[PDB]
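Protein chains in written order, with the entry's author numbering: chain A, 846 to 895; chain B, 873 to 969; chain H, 59 to 159.
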Amino acid sequence: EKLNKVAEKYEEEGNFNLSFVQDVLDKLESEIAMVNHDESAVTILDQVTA
Amino acid sequence: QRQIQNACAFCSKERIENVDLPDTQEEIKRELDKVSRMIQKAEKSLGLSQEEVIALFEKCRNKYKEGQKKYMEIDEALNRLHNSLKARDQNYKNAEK
Amino acid sequence: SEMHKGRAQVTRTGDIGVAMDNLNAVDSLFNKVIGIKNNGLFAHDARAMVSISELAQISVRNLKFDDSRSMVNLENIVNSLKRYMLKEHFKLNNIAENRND
């Protein structure tokens, strides 16, 4: 009702085929080396920032 | 036949038929676009002429080789010195008592 | 005496394997000493280890930062500025250091 609704509205405005989807799935993170999607690193960085 | 000629000029048919990839054109074009974007980002990050890159591929690799060799040497030297100092402290305590 | 006479060759050739063999011989000698007390060689061991450590830590910085390009940093500048050895070794000790690698 909200998230997928706004997403489908954006799709009706700007159409994205399966090409863009299958392209930006693991390559936008590979640009920044996609280091094992580290979330524990984020938690320890948050605790060190605190 | 011209496509065959320029293909075998780029890469032999035996070296290109051994790989196992899909034959559909859409995924091939998408992979080509992806690798072109990747090489463009790599060039914007850091890049020089082809001859300079080829020369650096050996220069910096030899630099890292000698650096890691000296690193391993100083590491094993430090470890031997540390255990020798521990044994020396033990012998000093024994001689003291 | 061997270490004092070979430190120059170690610095020139840049091969620390001489210091590694010296450390191995020192460890072997200490192993043969294990069992009997001997406090006379401890000072010589300390001098040898401090000389080896300072020589390594100075040759690492004085080494070429690149494989081909010899980076002339401030360390090389102060070395070339303090290269005069007219009296401290040529007249005080009457020894002439070699000039060939």
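Don't be surprised by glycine CBs; every beta carbon is placed ideally from N, CA and C.
- prompt: According to DSSP, is residue 150(H) helix, strand or coil?
  reply: coil
- request: Grab me the residues of residue 878(B)'s own chain with a C-beta within less than 7 Å of its C-beta, minus the 5 sequence neighbours each way, in chain order.
  value: none
message: Give me the subset of the stretch 847-869 of chain A whose CB atoms are less than 8 Å from a CB atom of chain B, sorted by chain position.
response: 864, 867 and 868
task: Could you tell me if residue 914(B) is buried or exposed, where buried requires 16 or more neighbouring beta carbons within 10 angstroms of its beta carbon?
output: exposed
field: From 885(B), 957(B) and 906(B), residue whose alpha carbon lies closest to that of residue 865(A)
entry: 906(B)
query: Which first and last residues belong to the alpha helix (DSSP H) in which residue 867(A) is found?
result: 863-868
- request: Quick one: list the residues of chain B neighbouring residue 876(A), beta-carbon separation under 8 Å, in chain order.
  value: 910 and 913
- prompt: Over what stretch of residues does the alpha helix (DSSP H) that includes residue 969(B) continue unbroken?
  reply: That residue, residue 969(B), is in no alpha helix (DSSP H); it is neither H nor E in DSSP.
task: Return helix, strand or coil for residue 106(H), following the three-state DSSP convention.
output: helix
query: residue 153(H) to residue 59(H), Cα distance in whole Å?
result: 14 Å
message: The alpha helix (DSSP H) that contains residue 855(A), what's its start and end?
response: 848-858
task: Using three-state DSSP, classify residue 66(H) as helix, strand or coil.
output: helix
message: Measuring CB atoms only, is the stretch 947-954 of chain B touching the stretch 78-90 of chain H, in the sense that at least three cross pairs come out at less than 8 Å?
response: yes
query: From which residue to which residue does the alpha helix (DSSP H) around residue 886(B) run?
result: 885-889
- request: Specify whether the stretch 954-963 of chain B and the stretch 128-138 of chain H touch according to this definition: at least 3 beta carbon pairs, one from each stretch, less than 8 Å apart.
  value: no
field: Exposure label - residue 74(H); buried when at least 16 CB within 10 Å
entry: buried
field: Extent of the continuous alpha helix (DSSP H) to which residue 75(H) belongs
entry: 75-91
query: Where do the ends of the alpha helix (DSSP H) carrying residue 905(B) lie?
result: 897-917
query: Taking Cβ positions only, does residue 895(B) come closer than 9 Å to chain A?
result: no
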